[PDB]
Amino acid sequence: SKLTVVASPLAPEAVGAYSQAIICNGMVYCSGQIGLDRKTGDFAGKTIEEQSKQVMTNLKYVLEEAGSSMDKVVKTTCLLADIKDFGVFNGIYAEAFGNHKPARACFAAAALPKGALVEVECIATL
């Protein structure tokens, strides 16, 4: 039951107390992505649309680096800064996954790290 650290050069860098994802026993446990662009270290934009798209892109990068894929995602958890953003977020999430339909839980947090508007974590299979 080895743990393998996942570090994509495309996803936001993990330089603190966490890894982008950990592989263990055939599963990939992904950190909660926020909508940072690795190229800038800043949010992709100020809007929910911009950050949501970036979050889903980031997740894909992490999953690919792990040897997984969006289609191998079993469960996500979707955190919003503001519940009114649910509809917009959900559309962008759905585009990202296409016809694949993970299990899901969603909620509005009181606040997210770094003032993010959206954070999405997941678990996937190899």
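Don't overthink the numbering: it's just position in the shown sequence, from 1.
With 38-46 and 73-81 compared on mean CA B-factor from the PDB entry, the stretch scoring higher is 38-46.
For the pair 83-91 and 64-72, the record assigns the higher mean C-alpha temperature factor to 83-91. In this entry, the residue among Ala110, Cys106, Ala21, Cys24 with the greatest C-alpha B factor is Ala110. In this PDB entry, the Cα temperature factor of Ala124 sits in the bottom third of its chain's modelled residues, the lowest group. Among all modelled residues in its chain, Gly16 ranks in the highest third by Cα B-factor. Among all modelled residues in this chain, the alpha-carbon of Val6 has a temperature factor (C-alpha) in the lowest third.
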